[PDB]
Amino acid sequence: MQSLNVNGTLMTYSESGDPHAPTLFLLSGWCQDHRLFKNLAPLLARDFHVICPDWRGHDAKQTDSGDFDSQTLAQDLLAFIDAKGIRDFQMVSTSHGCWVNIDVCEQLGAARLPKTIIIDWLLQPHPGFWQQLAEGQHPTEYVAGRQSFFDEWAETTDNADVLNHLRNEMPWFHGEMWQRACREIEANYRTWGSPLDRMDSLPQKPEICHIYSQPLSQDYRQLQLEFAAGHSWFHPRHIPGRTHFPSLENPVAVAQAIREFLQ
Numbered sequence: 001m002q003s004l005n006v007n008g009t010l011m012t013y014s015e016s017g018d019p020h021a022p023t024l025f026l027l028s029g030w031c032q033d034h035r036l037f038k039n040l041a042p043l044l045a046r047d048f049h050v051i052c053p054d055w056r057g058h059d060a061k062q063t064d065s066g067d068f069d070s071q072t073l074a075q076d077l078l079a080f081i082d083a084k085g086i087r088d089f090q091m092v093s094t095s096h097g098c099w100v101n102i103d104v105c106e107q108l109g110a111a112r113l114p115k116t117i118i119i120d121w122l123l124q125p126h127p128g129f130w131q132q133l134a135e136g137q138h139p140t141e142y143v144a145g146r147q148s149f150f151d152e153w154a155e156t157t158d159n160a161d162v163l164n165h166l167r168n169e170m171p172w173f174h175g176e177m178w179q180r181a182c183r184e185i186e187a188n189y190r191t192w193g194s195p196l197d198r199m200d201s202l203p204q205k206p207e208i209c210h211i212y213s214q215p216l217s218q219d220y221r222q223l224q225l226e227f228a229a230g231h232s233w234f235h236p237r238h239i240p241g242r243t244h245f246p247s248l249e250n251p252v253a254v255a256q257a258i259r260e261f262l263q
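In PDB author numbering, the protein residues as written are 1 to 263.
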C-alpha cells in the first residue's frame, strides 16, 4: 500500500483515519511489520490519523541497500514527518523500535513532542538476553537464535494472531535482517547500558508510558513501579498477557491505554 520514500530508500506505509485528526505513528520492532498493528490500528482509526510504517528492508519488497544504524532508521522517520508536512504528532513503538522512538524525542524537541509510548521494551538486559543476541548473529545457525526468542516471546499462548505472527511475519524476513537486528540491538545496550539509562539521559524528558506484558517477572514489574516512584516522567502500564506483543494479544487493552495516555 501507500509508499513515500525517504533518505536512502523506501518504506511502504499504511494510513488509517482522518488525516486532519491527531497524527499517531505505529512503529514496529526489527523484523516486524505494519501487520504487527493489524488488531490495534483499526481501533485507533476512530480518534487518530494512524500511520503504520515499514522500516528499511521491511517493505513487502524486502529491499536491500547498505546495512544501517538504528540511528539512520530515526533519520528515515525524520525525513517522513517532513516529506508529508506533519508538525503535530505522537509515536508508539514496539520492542527495539523504541531506541528509534527515543532518538526522535531527542532529535526533535521535548517541547515539540511532549509524550511518547513504548511497548514491551526490555528495560534491563540480563544474561539470557545477551546470549540470544549472540546466537542471533551466527551466520550458519541464526535460526536457532531466532527460534530461541520465539519460544520465549510466545510463552503458552493459544493466540491465533501471535502464533501467526511468529510463523509468517517475522521468520519470513531474511537472515541478513535477523542478524543486523541483533548487531544493532546489541550495539544500543552497549552504548546506553539499558533503556532506563538511555531515557534518564535525555536533557528534557517527555512523559513516557511503557505498556508491556513480558518478561514474566514479578521482580521486573516491581522494578518499574519503583522507577516510576522516583521519576514522574515515567508511567508503566502492565497488561497481564503471557506474550511479548500486547498489540496482538490484547488490542482492546492497548488501545485504551494509548487513548488515555495520549490525551
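All C-beta atoms in this analysis are idealised placements derived from N, C-alpha and C, irrespective of residue type, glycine included.
{"Asked": "Quick one: give me the first and last residue of the beta strand (DSSP E) that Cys-209 is part of.", "Found": "207-212"}
{"Asked": "Quick one, which of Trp-130, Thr-243, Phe-89 has its alpha-carbon nearest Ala-111's?", "Found": "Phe-89"}
{"Asked": "Please state the DSSP three-state secondary structure of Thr-243.", "Found": "coil"}
{"Asked": "Exposed or buried, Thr-156, counting other C-beta atoms within 10 Å across all chains shown (16 or more means buried)?", "Found": "exposed"}
{"Asked": "What does the alpha-carbon distance come out to for the pair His-238 and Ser-28?", "Found": "19 Å"}
{"Asked": "Buried or exposed, going by whether 16 or more other CB atoms sit within 10 Å of the CB of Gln-131?", "Found": "exposed"}
{"Asked": "CA-CA distance, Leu-36 and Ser-247?", "Found": "7 Å"}
{"Asked": "Out of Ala-229, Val-92, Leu-108, point me to the one whose CA is closest to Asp-82's CA.", "Found": "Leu-108"}
{"Asked": "Under the rule that 16 or more other beta-carbon atoms within 10 Å means buried, what is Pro-251, buried or exposed?", "Found": "buried"}
{"Asked": "Look up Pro-236 in the DSSP assignment and say whether it is helix, strand or coil.", "Found": "strand"}
{"Asked": "For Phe-80, name the three-state secondary structure that DSSP assigns.", "Found": "helix"}
{"Asked": "Would you mind giving the Cβ-Cβ distance between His-244 and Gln-214, rounded to the nearest angstrom? I have them listed as a contact below 8 Å.", "Found": "5 Å"}
{"Asked": "Per DSSP, what kind of secondary structure is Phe-25 in: helix, strand or coil?", "Found": "strand"}
{"Asked": "Please classify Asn-188 as buried or exposed, where buried requires at least 16 neighbouring CB atoms within 10 angstroms.", "Found": "buried"}
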